[PDB]
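Notes for the one structure printed next.
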Amino acid sequence: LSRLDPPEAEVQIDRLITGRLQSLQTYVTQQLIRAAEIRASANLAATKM
Amino acid sequence: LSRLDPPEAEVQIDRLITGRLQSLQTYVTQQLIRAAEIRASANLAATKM
Amino acid sequence: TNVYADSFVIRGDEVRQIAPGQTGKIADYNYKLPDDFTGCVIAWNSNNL
């Protein structure tokens with residue numbers, strides 16, 4: 001905000017958006033990956049109990 | 001097409017390509033996520049039957 | 001749709017300054033070009049009149 005006017009700072013804001021959205025998609029993927037890993041493990045523990 | 005010549009509209013076309021490719025990769029990931037979820041469930045149903 | 005023409009005469013020392021999003025003597029206190037605005041600007045010298 002204090003570093004450029006909205007027009008030209010828009011391209012840096014776009015890179016900020018892209019990197020953070022991709023960081024979220026990696027994080028959410030890994031979270032559901034471990035969720036699916038725990039899925040089979042939890043069914044396994046339910047079968048044992 | 002009717003909004004700019006190919007040279008300068010190319011950068012907007014690039015953003016269009018990037019957003020849509022990333023939308024596809026998220027969608028395909030989620031589709032295979034639910035496919036893997038249904039994988040273990042289908043083996044489970046085969047074991048029951 | 002709805003063609004509007006805004007006409008005036010200025011010195012060449014401020015011709016390059018009129019643009020949608022900058023600052024200046026004329027751009028800040030005489031007219032306001034919107035940043036989302038879409039249009040054209042034409043300037044031409046007139047010595048004979």
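Each chain in the structure tokens gets a letter, A, B, ..., in the order shown, and its residues are numbered from 1; ligands are numbered from 1 in order too.
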With a cut-off of 9 Å, could you pull out the residues of chain A touching chain C and give me the nearest pair of atoms for each, distance in Å to one decimal, using only C-alpha atoms, ordered by chain and ascending number, as a tab-separated table?
residue	atom	partner	partner_atom	distance
A:5	CA	C:21	CA	8.5
A:6	CA	C:21	CA	8.9
A:7	CA	C:21	CA	7.4
| Any idea which chain A residues end up within 9 Å of chain B if we count only C-alpha atoms, as a PyMOL selection string please? | chain A and resi 22+25+29+32-33+36+39-40
| task | Mind giving me the straight-line distance from atom CA of residue B:4 to atom CA of residue C:15 in Å, one decimal? | result | 25.1 Å
| message | Taking only C-alpha atoms into account, name the residue in C:49, C:44, C:39, C:16 that is nearest to residue C:4. | response | C:39
| task | If you run DSSP over the backbone, which residues in chain C end up helix (DSSP H, G or I)? Put them as a ChimeraX atom specification. | result | /C:12-17,25-29
Would you save the residues from that selection as a PDB file, in the first residue's frame, using N, CA, C and O atoms?
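Result file is part-v7.pdb:
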ATOM      1  N   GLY C  12       2.398  22.179 -24.177  1.00  0.00           N
ATOM      2  CA  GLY C  12       3.086  20.919 -24.389  1.00  0.00           C
ATOM      3  C   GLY C  12       3.829  20.405 -23.174  1.00  0.00           C
ATOM      4  O   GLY C  12       4.144  19.212 -23.110  1.00  0.00           O
ATOM      5  N   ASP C  13       4.117  21.277 -22.206  1.00  0.00           N
ATOM      6  CA  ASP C  13       4.820  20.861 -20.998  1.00  0.00           C
ATOM      7  C   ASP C  13       3.975  19.973 -20.094  1.00  0.00           C
ATOM      8  O   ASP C  13       4.524  19.360 -19.172  1.00  0.00           O
ATOM      9  N   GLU C  14       2.663  19.886 -20.330  1.00  0.00           N
ATOM     10  CA  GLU C  14       1.783  19.057 -19.516  1.00  0.00           C
ATOM     11  C   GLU C  14       1.005  18.040 -20.344  1.00  0.00           C
ATOM     12  O   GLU C  14       0.155  17.332 -19.790  1.00  0.00           O
ATOM     13  N   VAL C  15       1.266  17.953 -21.649  1.00  0.00           N
ATOM     14  CA  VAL C  15       0.535  17.020 -22.501  1.00  0.00           C
ATOM     15  C   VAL C  15       0.816  15.577 -22.101  1.00  0.00           C
ATOM     16  O   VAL C  15      -0.104  14.756 -22.016  1.00  0.00           O
ATOM     17  N   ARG C  16       2.083  15.242 -21.844  1.00  0.00           N
ATOM     18  CA  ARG C  16       2.422  13.870 -21.487  1.00  0.00           C
ATOM     19  C   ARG C  16       1.857  13.465 -20.132  1.00  0.00           C
ATOM     20  O   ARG C  16       1.785  12.267 -19.839  1.00  0.00           O
ATOM     21  N   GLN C  17       1.457  14.429 -19.304  1.00  0.00           N
ATOM     22  CA  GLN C  17       0.991  14.118 -17.961  1.00  0.00           C
ATOM     23  C   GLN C  17      -0.444  13.604 -17.932  1.00  0.00           C
ATOM     24  O   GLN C  17      -0.783  12.819 -17.041  1.00  0.00           O
ATOM     25  N   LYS C  25       0.005  18.719 -11.802  1.00  0.00           N
ATOM     26  CA  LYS C  25      -0.687  19.996 -11.672  1.00  0.00           C
ATOM     27  C   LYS C  25      -2.100  19.927 -12.236  1.00  0.00           C
ATOM     28  O   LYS C  25      -3.049  20.393 -11.596  1.00  0.00           O
ATOM     29  N   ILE C  26      -2.260  19.339 -13.416  1.00  0.00           N
ATOM     30  CA  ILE C  26      -3.543  19.294 -14.108  1.00  0.00           C
ATOM     31  C   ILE C  26      -4.291  18.001 -13.815  1.00  0.00           C
ATOM     32  O   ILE C  26      -5.514  17.999 -13.682  1.00  0.00           O
ATOM     33  N   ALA C  27      -3.563  16.887 -13.714  1.00  0.00           N
ATOM     34  CA  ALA C  27      -4.192  15.586 -13.520  1.00  0.00           C
ATOM     35  C   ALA C  27      -4.844  15.444 -12.151  1.00  0.00           C
ATOM     36  O   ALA C  27      -5.701  14.571 -11.978  1.00  0.00           O
ATOM     37  N   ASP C  28      -4.457  16.265 -11.177  1.00  0.00           N
ATOM     38  CA  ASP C  28      -4.999  16.143  -9.830  1.00  0.00           C
ATOM     39  C   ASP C  28      -6.075  17.170  -9.514  1.00  0.00           C
ATOM     40  O   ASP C  28      -6.983  16.872  -8.732  1.00  0.00           O
ATOM     41  N   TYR C  29      -6.000  18.364 -10.102  1.00  0.00           N
ATOM     42  CA  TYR C  29      -6.847  19.470  -9.684  1.00  0.00           C
ATOM     43  C   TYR C  29      -7.662  20.100 -10.806  1.00  0.00           C
ATOM     44  O   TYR C  29      -8.312  21.124 -10.568  1.00  0.00           O
TER      45      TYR C  29
END
Any chance you could fit chain A onto chain B with least squares, all Cα atoms in order, and share the moved copy as a tab-separated table (two decimals) with N, CA and C atoms, in the first residue's frame?
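Final output, saved to result.tsv:
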chain	number	residue	atom	x	y	z
A	1	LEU	N	-10.39	-11.56	-28.32
A	1	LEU	CA	-10.13	-11.34	-29.74
A	1	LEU	C	-10.52	-9.93	-30.19
A	2	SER	N	-11.70	-9.46	-29.79
A	2	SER	CA	-12.18	-8.16	-30.26
A	2	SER	C	-11.73	-7.03	-29.33
A	3	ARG	N	-10.89	-7.35	-28.35
A	3	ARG	CA	-10.61	-6.47	-27.22
A	3	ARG	C	-9.17	-5.99	-27.20
A	4	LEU	N	-8.26	-6.72	-27.84
A	4	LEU	CA	-6.87	-6.32	-28.00
A	4	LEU	C	-6.25	-7.10	-29.15
A	5	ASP	N	-5.14	-6.57	-29.66
A	5	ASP	CA	-4.34	-7.29	-30.63
A	5	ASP	C	-3.60	-8.44	-29.94
A	6	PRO	N	-3.18	-9.45	-30.69
A	6	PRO	CA	-2.56	-10.64	-30.08
A	6	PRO	C	-1.36	-10.32	-29.20
A	7	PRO	N	-0.47	-9.36	-29.58
A	7	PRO	CA	0.73	-9.13	-28.74
A	7	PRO	C	0.45	-8.81	-27.28
A	8	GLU	N	-0.29	-7.74	-26.99
A	8	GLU	CA	-0.52	-7.34	-25.61
A	8	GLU	C	-1.61	-8.14	-24.91
A	9	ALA	N	-2.60	-8.66	-25.63
A	9	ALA	CA	-3.58	-9.56	-25.02
A	9	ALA	C	-2.98	-10.90	-24.62
A	10	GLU	N	-1.75	-11.17	-25.06
A	10	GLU	CA	-1.11	-12.45	-24.77
A	10	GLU	C	-0.91	-12.63	-23.27
A	11	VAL	N	-0.60	-11.54	-22.56
A	11	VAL	CA	-0.38	-11.66	-21.12
A	11	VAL	C	-1.67	-11.97	-20.38
A	12	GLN	N	-2.81	-11.41	-20.82
A	12	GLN	CA	-4.08	-11.79	-20.21
A	12	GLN	C	-4.45	-13.23	-20.56
A	13	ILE	N	-4.16	-13.65	-21.79
A	13	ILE	CA	-4.38	-15.04	-22.16
A	13	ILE	C	-3.55	-15.97	-21.29
A	14	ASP	N	-2.33	-15.55	-20.93
A	14	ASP	CA	-1.50	-16.36	-20.05
A	14	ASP	C	-2.13	-16.53	-18.67
A	15	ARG	N	-2.70	-15.46	-18.10
A	15	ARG	CA	-3.40	-15.59	-16.83
A	15	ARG	C	-4.61	-16.50	-16.96
A	16	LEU	N	-5.35	-16.37	-18.07
A	16	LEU	CA	-6.48	-17.26	-18.31
A	16	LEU	C	-6.03	-18.72	-18.35
A	17	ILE	N	-4.90	-18.99	-19.01
A	17	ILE	CA	-4.38	-20.35	-19.09
A	17	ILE	C	-3.97	-20.85	-17.71
A	18	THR	N	-3.25	-20.01	-16.96
A	18	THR	CA	-2.73	-20.44	-15.66
A	18	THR	C	-3.86	-20.75	-14.69
A	19	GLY	N	-4.84	-19.85	-14.57
A	19	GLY	CA	-5.94	-20.08	-13.66
A	19	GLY	C	-6.73	-21.33	-14.01
A	20	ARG	N	-6.97	-21.55	-15.30
A	20	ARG	CA	-7.77	-22.70	-15.70
A	20	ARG	C	-7.00	-24.01	-15.56
A	21	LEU	N	-5.69	-24.01	-15.85
A	21	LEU	CA	-4.89	-25.21	-15.61
A	21	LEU	C	-4.83	-25.55	-14.13
A	22	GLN	N	-4.65	-24.55	-13.28
A	22	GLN	CA	-4.67	-24.82	-11.85
A	22	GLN	C	-6.05	-25.26	-11.36
A	23	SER	N	-7.13	-24.72	-11.93
A	23	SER	CA	-8.46	-25.20	-11.58
A	23	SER	C	-8.62	-26.67	-11.95
A	24	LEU	N	-8.13	-27.04	-13.14
A	24	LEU	CA	-8.12	-28.45	-13.53
A	24	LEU	C	-7.28	-29.31	-12.60
A	25	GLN	N	-6.11	-28.84	-12.17
A	25	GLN	CA	-5.30	-29.72	-11.33
A	25	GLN	C	-5.96	-29.91	-9.97
A	26	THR	N	-6.56	-28.85	-9.41
A	26	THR	CA	-7.34	-29.03	-8.18
A	26	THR	C	-8.50	-30.00	-8.39
A	27	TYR	N	-9.25	-29.85	-9.49
A	27	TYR	CA	-10.41	-30.69	-9.72
A	27	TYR	C	-10.01	-32.15	-9.90
A	28	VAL	N	-8.97	-32.40	-10.69
A	28	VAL	CA	-8.50	-33.76	-10.93
A	28	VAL	C	-7.96	-34.37	-9.65
A	29	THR	N	-7.21	-33.60	-8.86
A	29	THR	CA	-6.77	-34.09	-7.57
A	29	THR	C	-7.96	-34.52	-6.72
A	30	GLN	N	-8.96	-33.64	-6.57
A	30	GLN	CA	-10.11	-34.00	-5.74
A	30	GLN	C	-10.86	-35.21	-6.28
A	31	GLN	N	-10.97	-35.32	-7.61
A	31	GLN	CA	-11.64	-36.47	-8.21
A	31	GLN	C	-10.91	-37.76	-7.86
A	32	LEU	N	-9.58	-37.77	-7.98
A	32	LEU	CA	-8.85	-38.98	-7.64
A	32	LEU	C	-8.81	-39.21	-6.13
A	33	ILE	N	-8.93	-38.14	-5.34
A	33	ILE	CA	-9.03	-38.28	-3.89
A	33	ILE	C	-10.27	-39.07	-3.53
A	34	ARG	N	-11.41	-38.66	-4.08
A	34	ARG	CA	-12.64	-39.40	-3.85
A	34	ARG	C	-12.60	-40.77	-4.53
A	35	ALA	N	-11.86	-40.91	-5.63
A	35	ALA	CA	-11.68	-42.22	-6.24
A	35	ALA	C	-10.92	-43.16	-5.32
A	36	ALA	N	-9.86	-42.67	-4.68
A	36	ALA	CA	-9.11	-43.47	-3.72
A	36	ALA	C	-9.94	-43.77	-2.48
A	37	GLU	N	-10.74	-42.81	-2.03
A	37	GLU	CA	-11.68	-43.07	-0.94
A	37	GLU	C	-12.65	-44.18	-1.30
A	38	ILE	N	-13.16	-44.17	-2.53
A	38	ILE	CA	-14.09	-45.20	-2.97
A	38	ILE	C	-13.36	-46.51	-3.24
A	39	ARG	N	-12.06	-46.45	-3.50
A	39	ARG	CA	-11.25	-47.65	-3.71
A	39	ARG	C	-11.29	-48.58	-2.51
A	40	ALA	N	-10.89	-48.06	-1.35
A	40	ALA	CA	-10.93	-48.85	-0.12
A	40	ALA	C	-12.35	-49.27	0.24
A	41	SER	N	-13.33	-48.39	0.02
A	41	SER	CA	-14.72	-48.74	0.28
A	41	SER	C	-15.20	-49.88	-0.61
A	42	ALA	N	-14.78	-49.87	-1.88
A	42	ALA	CA	-15.20	-50.92	-2.81
A	42	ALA	C	-14.53	-52.24	-2.48
A	43	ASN	N	-13.26	-52.21	-2.09
A	43	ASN	CA	-12.64	-53.43	-1.60
A	43	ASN	C	-13.36	-53.92	-0.34
A	44	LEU	N	-13.76	-53.00	0.53
A	44	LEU	CA	-14.52	-53.36	1.72
A	44	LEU	C	-15.85	-54.02	1.37
A	45	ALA	N	-16.56	-53.47	0.38
A	45	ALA	CA	-17.83	-54.06	-0.03
A	45	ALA	C	-17.62	-55.41	-0.70
A	46	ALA	N	-16.53	-55.56	-1.46
A	46	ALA	CA	-16.20	-56.85	-2.05
A	46	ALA	C	-15.88	-57.88	-0.97
A	47	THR	N	-15.19	-57.47	0.09
A	47	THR	CA	-14.91	-58.39	1.20
A	47	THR	C	-16.19	-58.82	1.89
A	48	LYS	N	-17.08	-57.87	2.20
A	48	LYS	CA	-18.39	-58.24	2.73
A	48	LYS	C	-19.15	-59.18	1.80
A	49	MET	N	-19.29	-58.85	0.51
A	49	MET	CA	-20.06	-59.73	-0.35
A	49	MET	C	-19.39	-61.09	-0.53
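Picture a line from atom CA of residue C:1 to atom CA of residue C:31; it runs 22.0 Å.
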| remark: atom CA of residue C:46 to atom CA of residue C:9 measures 9.1 Å
